[PDB]
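Asker: Just dropping this structure here.
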Amino acid sequence: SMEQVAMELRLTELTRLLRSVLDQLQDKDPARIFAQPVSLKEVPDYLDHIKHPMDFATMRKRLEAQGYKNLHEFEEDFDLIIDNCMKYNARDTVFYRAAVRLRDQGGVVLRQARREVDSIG
């Protein structure tokens, strides 16, 4: 139908805007701490601690399959990256600290993304 096509165009355009959001957030992680899944070869107990692992590569795979229907879904996954790290790692670690800085800096980007998503519809 024409309506299904219109809906698909909307999804494609959200995907475009989320790709730009993802790039901007990933620039706030210049150490690449959050770039890839925590390795289960290197951290074999990880899934005993963290039940829903997340990382920027995994988000990118979902994004390119147009698997984010709305900004909330996307933000859920970004918050998992941060929140998983802040639980597994202690306060005094470069990992925890990187997550804090990513959260703080990403907030600004996400605040305007929400306005753009609402504004453009």
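Asker: Loop only per DSSP, at most 11 neighbouring Cβ atoms within 10 Å: give me the trypsin sites (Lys or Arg not before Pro) in the range 50-96, ordered by residue number. Please report the intermediate quantities before stating the final value.
Answerer: Numbers: sites: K51, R60, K61, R62, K69, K87, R91; in loops: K51, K69, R91.
Passing both the DSSP loop test and the Cβ count: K51, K69, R91.
Asker: Determine the calculated [θ] at 222 nm for the chain from helices alone, applying -39500 (n - 2.57) to every DSSP H run no shorter than 4 residues and normalising by the residue count; nearest 500 deg cm²/dmol.
Answerer: Values: 5 runs with 84 residues, N = 121.
It comes out at -23000 deg cm²/dmol, rounded to the nearest 500.
Laboratory data are not the source of any read-out in this text; all were calculated from the coordinates shown. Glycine gets a Cβ as well: all are built from the backbone with ideal geometry, and neighbour counts include every protein chain shown.
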